[PDB]
Amino acid sequence: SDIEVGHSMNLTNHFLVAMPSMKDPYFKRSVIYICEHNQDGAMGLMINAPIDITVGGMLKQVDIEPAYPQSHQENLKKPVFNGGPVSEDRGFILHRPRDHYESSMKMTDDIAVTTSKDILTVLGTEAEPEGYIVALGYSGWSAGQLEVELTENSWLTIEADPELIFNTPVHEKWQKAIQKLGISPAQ
């Protein structure tokens, strides 16, 4: 009769790996982490789009006063990324759970997203999360719209792992992703 057992492709906590046959140049070789996926649509952040300014630079720009000495002087030269085209003037810290921030969303035991200024004060200080990348703007899809992009020859997906986000070099994030899908670019 009608026992509607399905699949429910919720892609939250999943990675979006661009195909070598990607048309859109804005995602030519992107790897997006879905932070939220539901009937309203989907929200994601680009993991390998390093911007010009550095994490330290953006802080200075925002004139954020650190709450402690900035010992981690080196992680402060690391760059901030291009999260996506939507709200390019908004911040999104994707990191490994450390402390409690006013406005934070926990994905797992190793991944969470903080969007409150508070977190900015610990960056560069021993109090900053052991792993984090700062993104500006995010990637958005309308209701179901993402669900349809999949049936197209644009993306492929696999559950996410923190290392791919806070460890492997940018230049290899994509290269290792598709490879993880048993594949390699054209030629």
# chains A, B, ... in the order shown; residues from 1 in each chain; ligands from 1

$ residues_around --residues "stretch 31-34 of chain A" --least-positions-apart "6" --cutoff "9 Å" --atoms "only C-alpha atoms" --output "ChimeraX atom specification"
/A:11-18,42-49,83,139,160,165,173-174,177

$ closest_atom_pairs --of "stretch 136-167 of chain A" --to "stretch 75-80 of chain A" --cutoff "12 Å" --atoms "only C-alpha atoms" --output "CSV"
residue,atom,partner,partner_atom,distance
A:136,CA,A:80,CA,7.6
A:137,CA,A:80,CA,11.1
A:166,CA,A:78,CA,11.5

$ closest_residue --among "A:87, A:1, A:70, A:157" --to "residue A:179" --atoms "only C-alpha atoms"
A:157

$ residues_around --residues "stretch 97-108 of chain A" --least-positions-apart "6" --cutoff "7 Å" --atoms "only C-alpha atoms" --output "number ranges by chain"
A: 13, 114-116, 118-119, 129

$ select_by_dssp --residues "stretch 7-180 of chain A" --states "strand (DSSP E)" --output "count of residues only"
59

$ closest_residue --among "A:131, A:140, A:162, A:124" --to "residue A:60" --atoms "only C-alpha atoms"
A:124

$ closest_residue --among "A:52, A:155, A:144, A:185" --to "residue A:24" --atoms "only C-alpha atoms"
A:155

$ atom_distance --atom1 "atom CA of residue A:112" --atom2 "atom CA of residue A:135"
12.9 Å

$ closest_residue --among "A:96, A:121, A:10, A:35" --to "residue A:109" --atoms "only C-alpha atoms"
A:96

$ closest_residue --among "A:122, A:150, A:9, A:133" --to "residue A:164" --atoms "only C-alpha atoms"
A:133

$ select_by_dssp --residues "chain A" --states "alpha helix (DSSP H)" --output "JSON, numbers by chain"
{"A": [55, 56, 57, 58, 59, 60, 61, 62, 145, 146, 147, 148, 149, 150, 162, 163, 164, 165, 166, 170, 171, 172, 173, 174, 175, 176, 177, 178, 179, 180]}

$ write_last_selection --atoms "C-alpha atoms" --output "mmCIF file, in the first residue's frame"
data_model
loop_
_atom_site.group_PDB
_atom_site.id
_atom_site.type_symbol
_atom_site.label_atom_id
_atom_site.label_comp_id
_atom_site.auth_asym_id
_atom_site.auth_seq_id
_atom_site.Cartn_x
_atom_site.Cartn_y
_atom_site.Cartn_z
ATOM 1 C CA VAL A 55 43.154 36.600 9.763
ATOM 2 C CA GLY A 56 45.224 39.176 11.620
ATOM 3 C CA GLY A 57 44.644 41.773 8.937
ATOM 4 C CA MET A 58 40.864 41.456 9.146
ATOM 5 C CA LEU A 59 40.982 41.727 12.925
ATOM 6 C CA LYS A 60 43.031 44.913 12.739
ATOM 7 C CA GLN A 61 40.617 46.123 10.125
ATOM 8 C CA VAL A 62 37.670 45.379 12.452
ATOM 9 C CA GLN A 145 17.262 24.131 -5.368
ATOM 10 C CA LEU A 146 20.321 22.305 -4.078
ATOM 11 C CA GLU A 147 18.552 18.965 -4.342
ATOM 12 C CA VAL A 148 18.293 19.631 -8.083
ATOM 13 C CA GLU A 149 21.954 20.687 -8.577
ATOM 14 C CA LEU A 150 22.947 17.214 -7.500
ATOM 15 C CA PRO A 162 37.738 17.968 10.078
ATOM 16 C CA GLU A 163 41.251 17.393 8.711
ATOM 17 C CA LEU A 164 40.164 18.262 5.197
ATOM 18 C CA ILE A 165 39.079 21.628 6.624
ATOM 19 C CA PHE A 166 41.706 22.599 9.210
ATOM 20 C CA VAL A 170 44.414 24.634 0.488
ATOM 21 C CA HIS A 171 45.915 23.680 -2.840
ATOM 22 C CA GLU A 172 45.214 20.013 -2.094
ATOM 23 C CA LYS A 173 41.770 20.215 -0.522
ATOM 24 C CA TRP A 174 40.012 19.665 -3.831
ATOM 25 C CA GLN A 175 42.598 17.347 -5.394
ATOM 26 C CA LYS A 176 42.337 15.057 -2.394
ATOM 27 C CA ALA A 177 38.572 15.309 -2.288
ATOM 28 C CA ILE A 178 37.783 13.993 -5.724
ATOM 29 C CA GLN A 179 40.549 11.458 -5.268
ATOM 30 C CA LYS A 180 38.648 10.341 -2.210
#

$ closest_residue --among "A:130, A:95, A:153, A:181" --to "residue A:20" --atoms "only C-alpha atoms"
A:153
